[PDB]
Structures are given as C-alpha cells and as structure tokens.
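As structure tokens, one chain now follows by itself in the form deposited in one PDB entry.
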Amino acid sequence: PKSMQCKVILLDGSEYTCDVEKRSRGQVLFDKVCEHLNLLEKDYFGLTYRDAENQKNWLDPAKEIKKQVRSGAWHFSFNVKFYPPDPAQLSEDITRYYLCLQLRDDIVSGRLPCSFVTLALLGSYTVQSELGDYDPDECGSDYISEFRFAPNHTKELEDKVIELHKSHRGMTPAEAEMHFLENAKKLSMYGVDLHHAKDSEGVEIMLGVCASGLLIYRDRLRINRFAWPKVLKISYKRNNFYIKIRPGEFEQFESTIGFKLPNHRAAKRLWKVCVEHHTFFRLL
C-alpha cells in the first residue's frame, strides 16, 4: 500500500505531517488532523489547498485527494468552513478555541475588517486567554506584544490592548475566548466568504457567502441581501453564476440574477460554497 506524505498548516501556524494511502478521500486526512487537534465538533471545519494560481480551494472530503490537488503538492491548511452564528451554542471550549485562532487570522489578514476599539478589545481577550492576568513586569510604557492583533499595528493600538487587558483580571481562557467570540460574531464581515464577480452590466461587485444568505456588494449605498429561504436554485454555466430568487407573495415568476466570474473554475467554486452554506445553515 503506497502512502503520500501530507503537510497541514494548523491555525497556530504549526505544521502537522502525516501519511495517507495515495487513493485516500479527503475525509481520511481530515479525520487524522481533527484527532491530532482533539477536535470533536468537526462539521464547522475543513482543509484547504492552494492551486497553481495560489487560489484557495476546499478539499472535498468525499473525493480522492489526488483528483483535487492533481499536479500540486499535498500541502493543506486547517480552516473554519462554516462560521457558527452563535458560538456560545457550540458544545466544547476547544471548538471555540480553534474558531478564535481562525478569527485572529481573519483579522490580521484584513478579511475581517474591525474598528480600532474592536481590534483592541479582541486583542485584550486573546492576551487574557494566552498570558492570563495583566502583569506590569512584562509591560513598560514602550510595550509591543508578540501577538498580531491587526492588519496594521500602531503604538496606540498596543496601549489600548493593555488598558483593556487590565480590566479582565480573574478571567479564565474559556471565558476570554467566549467574550472574544461574542464581539467578533457581530462584525458585518463575520463568516463572509468574498468572491470577485461582474453583474449583468459588467460592473465589478463582490458576492459574499455566509450563514444568513448571499450578499451582493455593488457600492457603499447598494448592498443586496438574499436570505437562503429566498434562494430556490443556484447554477453555474461556463464563466457564469446564476441564482433563482423566489416569487415574492402574489408574483407569478421567480427572478434570475446572473454574474460573470473570472473563469469557469471560479464560477464552480462559488457554486459549491453556496450549495454547502445553503445545506449547512438550512440544518439550523
């Protein structure tokens, strides 16, 4: 039995290495990673890989790994796939912990925009979780944390993290992580997967996929939202992505909204993430 070496970037930035039989399905590798992580609430998570274009793809657990990575290295990342709308309802602290690590990367990367005060508050809960109670001995008037809190760090942000950290004395790691999530979950881009597209007039938009539905970001004044209930059918053909928007009461016919994606693979990817979100958040 011939086995292939897999390398997985974990959410703390460390590398897990294992071997799977070369015809293994994605679920086999995912089960090994989740066992390594002591993670039971596995349904929220998945593995990604980067293609020759360094674009992110979800590894389909039901399909052979080799038929997805194809020509590429067996190199993956462990990521949150379905962001829980209410992390307080997860059954395990360790689930909330991995969700926090993913969100920290969402923030530092700039995928999850955040006000100054929310960056500082989130940063303060991470410090409380990671180091425990504020200690003046490690922090002078010139302190800069090892923790990455933001896409662009300022001394002002470092000071505000410390000021809020002082207020959390006695807070346990699970408590600070729950506070982190209660704040992060409210952010307008929480759990939103963004895809570049053109509308039917060739005007550049973003499509966001999240628990509550599909978001069309036209301009700052024009943001259309289609709750999953309002979406009857999702389709792709060539470079095009289509959604069927339900008849509103007393209307005879569904409406169709068409989008142009960069290429066929980008249309397919968007279609599959929409179907998966529609299924997952229908089970809520």
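Take the two forms, find the largest set of C-alpha atoms that superpose within 1.5 Å, and that set is the rigid core. Residue numbers here begin at 1 and follow the sequence given.
**OP:** Mind pulling up the entry and telling me whether 62-70 or 247-255 has the higher mean Cα temperature factor?
**Re:** The stretch with the larger mean CA B-factor is 247-255.
Subject >> Per the entry, higher mean C-alpha B factor between 28-36 and 237-245 >> reply: For C-alpha atoms only, the mean B-factor is higher in 237-245.
Original post:
If you check the C-alpha B-factor for each of 158, 142, 175, 106 in the entry, which is highest?
Top reply: Largest recorded C-alpha B-factor: 142.
Subject >> Where the record places residue 47 (Cα B-factor, split into thirds across the chain) >> reply: Tercile = lowest for this residue's CA B-factor.
**OP:** Tell me, lowest, middle or highest third: where does the Cα B factor of residue 194 rank within its chain?
**Re:** Middle third by C-alpha B-factor.
**OP:** Determine, from the deposited record, the chain-internal third of the Cα B-factor for residue 135: lowest, middle or highest.
**Re:** Top third by C-alpha B-factor.
Subject >> Cα B factor band for residue 110 (lowest, middle or highest third within the chain) >> reply: As the PDB entry reports it, the C-alpha B-factor of residue 110 lands in the middle third of its chain.
Original post:
Is the Cα B-factor recorded for residue 116 in the lowest, middle or highest third of its chain?
Top reply: CA B-factor rank for residue 116: lowest third.
There is another form of the same protein, the form deposited in another entry; it is not shown, and what comes next is about it.
Original post:
Superposing on the rigid core, which residue among 145, 118, 129, 212 shifts its Cα by at least 2 Å between the shown form and the other one?
Top reply: Correct option: 145.
Original post:
After a core superposition, would you say residue 38 shifts its C-alpha by at least 2 Å between the shown form and the other one?
Top reply: Residue 38 C-alpha, core-superposed: shift of less than 2 Å.
**OP:** Kindly check if the Cα atom of residue 246 is displaced 2 angstroms or more between the shown form and the other one relative to the superposed rigid core.
**Re:** Result for residue 246: yes, a 2 Å-plus shift.
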